[PDB]
Structure formats: structure tokens, C-alpha cells
Amino acid sequence: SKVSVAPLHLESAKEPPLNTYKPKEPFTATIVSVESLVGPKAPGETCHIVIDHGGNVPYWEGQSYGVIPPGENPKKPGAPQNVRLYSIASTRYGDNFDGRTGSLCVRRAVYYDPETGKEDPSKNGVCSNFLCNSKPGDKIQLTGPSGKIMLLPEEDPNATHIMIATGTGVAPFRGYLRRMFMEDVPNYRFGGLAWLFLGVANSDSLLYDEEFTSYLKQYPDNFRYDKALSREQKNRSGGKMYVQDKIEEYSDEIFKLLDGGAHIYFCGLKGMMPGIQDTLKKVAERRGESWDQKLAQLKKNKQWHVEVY
Ligand SMILES: Cc1cc2nc3c(=O)[nH]c(=O)nc-3n(C[C@H](O)[C@H](O)[C@H](O)COP(=O)(O)OP(=O)(O)OC[C@H]3O[C@@H](n4cnc5c(N)ncnc54)[C@H](O)[C@@H]3O)c2cc1C
């Protein structure tokens, strides 16, 4: 049974909030918790950050928060750092089910000399390390929310949603899936098919795996979940197993769902897309279809949702 969430007045707004806080006057939020999401064999750290916004910075699932890390802009003396955007990984109610917190899924950007491996603090990512280094009680300059590309289409509560993530691109889908399956939201009762595909480097790099696996047991007729591990698995051609390769294992089912009106979403680092497009083109060709024409139709019908970075 679904978890009680409050306050239900978060369902009343008819439009998503946008730019509630702007960079010149951010909202000063407070860190609740920071935890690593990954095990010792992961190539780098990805963290889950819970942020208390006090109900002052509400959002809809699929939106992003901006964070302004501390310090001066190196390219602009006397001026703050540029905003960095992070897909919100929580529902509008947040991980405490109270409408006061939101969560981020943050990959630490670390520099290594391509020959020696030697680090250099001046070359680390500023905001990602700032966030993953944070501790309860620390203050965060929050902006936004922003973005509409990844809003969840709720007009059809029995729609099909095919969610394609790599790494931190899982973030919006954690929010979608909690709203679909975990939370007691009386005005959104999902009875369609949600299908999550997740590509990461290895088993230790999985993100929220226990949560997603539990949906298989709770909603076996409404949720599917497939994973790819690039460094621990190979595709049928004997390249590294990427999220495009798991899609190909379900070629027929996927194309049938798209033809029936399914939404398909892509999120994560933009390098994921070339290989996905290559696979989809080849799958279409094997079926005797033109991927160009299919993609044009999916775009025209508003079924195709991409937020990569
Ligand atoms: C819509 C959207 C959603 C996003 N969602 C997420 C998300 O959920 N999770 C997430 O982790 N990220 C996400 N991102 C990316 C995020 O916004 C940041 O770009 C990212 O976290 C890195 O920012 P940073 O401040 O750490 O790096 P920056 O300080 O901006 O540095 C960028 C890169 O340059 C490198 N670098 C800096 N100086 C040098 C140098 N001299 N030589 C070589 N390399 C150098 C850094 O190591 C880093 O790898 C999203 C982006 C967008 C647009």
C-alpha cells in the first residue's frame, strides 16, 4: 500500500513553477543529508543529496534545481559563480513525504591527468564536489526550479512510459516512479506500463537499485526494469554493454509500444545518445522501417523526450 504524502495542496497548481528564485537572489536552503549511492568498485562517486527548501521552492517531477556554488566566478571578478543545473531526483513531496525537501543525484567530476592519473583541485568540478562534500546543516544557494522537457504527461493515467537512463540520468525517473507506484496521490492513479532501462559501469555503480527492484514485486503487471553494465557486460557484437543494447533485446516489444503511443524518455550525459540513435536505426532497418520517418513521427506526436547534458 502507498505511502501517505502531504500536503495535498501541492496538486492544486495547474502549471509548473518556473524561476521562482533567480540567481541574483537565490533561496538559502539547508542540507539534510549526503550519502554515497555507490560501492567500492564504482569508477567514481555519485551522491544522493537531500535539501530542505522549507516548501519555498516547490517543483514538479522532471524539473531541475539550480545550485550556485560558493566563491567568485574565475571569468568574472566580483561576480558569483554560474548556476549548475541538477535534475531533481525526488517527487514534489520529497524523500520525507512532507513537501519540504528535494533531492539531487550528483556525480563527482574529478580531474585525472590522462597519463599520470595525478589529480589537481583547481581542475575538479566545483559544484559537483561542493555538493558531494556537503554535510547536514550546510547552506546551499538554490535557484529555479526550471525546465519543462521532462514533465510527466499525466493526461492518460494508463499511458506507457519507457525511461532510458545512463548514470545520473536516472534522477527524473526516480521521481516519476515514486509518483506512479510509491506515494498515495489520489488524483494520479497510474495503471499503465512504466519500463526503466538503466546503463551504468558495473554492479557497484547502480543507483537506487533496491527501490526499483521492489517495484517489480509490488507492481509486476505495471513495471519493468532492465539494466546494462558497460564494464562487466558485453553486447551480442562484443562491444561494451550500453543502454542501447538492452533496448535491442526488446526490439519488437519496444517498437510495438511506440506505435501504440508510448512516451519514451532519455536522460543522462549526452554521449549516451549517438549509440542509442545507431541502435534504433539498425532495429528499424531490420524491421523494414525508416528510423528517420519514425523519429519524425514520434517528435510530431510529442512522444519523444530528451534531456541530456
Ligand atoms: C538539465 C541538466 C540536468 C543535469 N542533471 C544532472 C544531474 O542530475 N546530476 C549531475 O551530476 N549532473 C547533472 N548535470 C550536469 C551539471 O549541471 C554540471 O554540469 C556538473 O555537475 C558538473 O559541474 P561542476 O560545477 O562540478 O563542474 P565545472 O566546475 O563546471 O567543470 C566542468 C568540467 O570541467 C573540468 N575541468 C575544470 N577545469 C579543468 C581544466 N583546467 N582542465 C580539465 N578539465 C577541467 C571539471 O573536472 C569538470 O569535469 C545536469 C545538467 C543539465 C543541463
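Methodologically, a virtual Cβ is constructed for each residue, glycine included, from the backbone with ideal geometry; neighbour enumeration extends over all protein chains shown. Basis: the model, the stated rules and, where named, an outside source; nothing here is a laboratory result.
Scanning the stretch 253-278 for residues that are surrounded by fewer than 20 Cβ atoms within 10 Å (Cβ to Cβ), closer than 23 Å to residue 105 by Cα and of a type outside the set (A, V, I, L, M), we see that the one that is nearest to the ligand (Cβ to nearest atom) is 270.
Only one entry of 91, 30 meets the criterion of being outside any loop (DSSP other than H, G, I, E, B), surrounded by 14 or more Cβ atoms within 10 Å (Cβ to Cβ), touching a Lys or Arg at 6+ places or on another chain (Cβ under 8 Å) and among the polar types (S, T, N, Q), and that entry is 30. Quick one: in the stretch 94-121, which of the residues that are near the ligand (Cβ under 8 Å from one of its atoms) and part of a loop (DSSP other than H, G, I, E, B) is farthest from residue 60 (Cα to Cα)? Ranking the qualifying residues of the stretch 94-121, first place goes to 120.
All conditions but one from (1) in contact (Cβ under 8 Å) with a residue 24 or more places away in the chain; (2) within 21 Å of residue 268 (Cβ to Cβ) apply to residue 125; the one that does not is (1). For the stretch 34-47, state whether one or more residues are touching a strand residue (DSSP E or B) at 6+ places or on another chain (Cβ under 6 Å) and within 14 Å of residue 85 (Cα to Cα). There is no residue in the stretch 34-47 that is touching a strand residue (DSSP E or B) at 6+ places or on another chain (Cβ under 6 Å) and within 14 Å of residue 85 (Cα to Cα). Take the conditions in a helix (DSSP H, G or I), more than 18 Å from residue 105 (Cα to Cα) and of a type in the set (A, V, I, L, M, F, W, C) and apply them to residue 177. Does it pass? When the stated conditions are applied, residue 177 does not pass them.
Yes/no per residue for (1) touching a residue at least 40 places away in the same chain (Cβ under 8 Å); (2) touching a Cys at 6+ places or on another chain (Cβ under 8 Å); (3) within 26 Å of residue 279 (Cα to Cα):
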| site | (1), (2), (3) |
| --- | --- |
| 165 | yes, yes, yes |
| 172 | yes, yes, yes |
| 186 | yes, no, no |
| 198 | yes, no, yes |
| 207 | yes, yes, yes |
| 225 | no, no, yes |
| 240 | no, no, yes |
| 247 | yes, no, yes |
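Considering 162, 140, the condition of being under 21 Å from residue 27 (Cα atoms), away from the ligand (no atom under 12 Å from the Cβ) and either touching an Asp or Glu at 6+ places or on another chain (Cβ under 9 Å) or of a type in the set (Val, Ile, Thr) (or both) is satisfied by 140 alone.
Table: residues versus (1) part of a helix (DSSP H, G or I); (2) within 16 Å of the ligand (Cβ to nearest atom); (3) among the charged types (D, E, K, R); (4) not assigned by TED's automatic domain parsing to the domain that holds residue 258.
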residue: 136; (1), (2), (3), (4): no, no, no, yes
residue: 151; (1), (2), (3), (4): no, yes, no, yes
residue: 168; (1), (2), (3), (4): yes, yes, no, no
residue: 173; (1), (2), (3), (4): yes, yes, no, no
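Being assigned to a loop (DSSP other than H, G, I, E, B) and near the ligand (Cβ under 9 Å from one of its atoms) is the filter here; which residues of the stretch 122-134 pass it? Of everything in the stretch 122-134, those that are assigned to a loop (DSSP other than H, G, I, E, B) and near the ligand (Cβ under 9 Å from one of its atoms) turn out to be 124, 125. Taken as a whole, the stretch 193-203 holds no residue that is in a helix (DSSP H, G or I), more than 18 Å from residue 10 (Cα to Cα) and among the β-branched types (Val, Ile, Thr).
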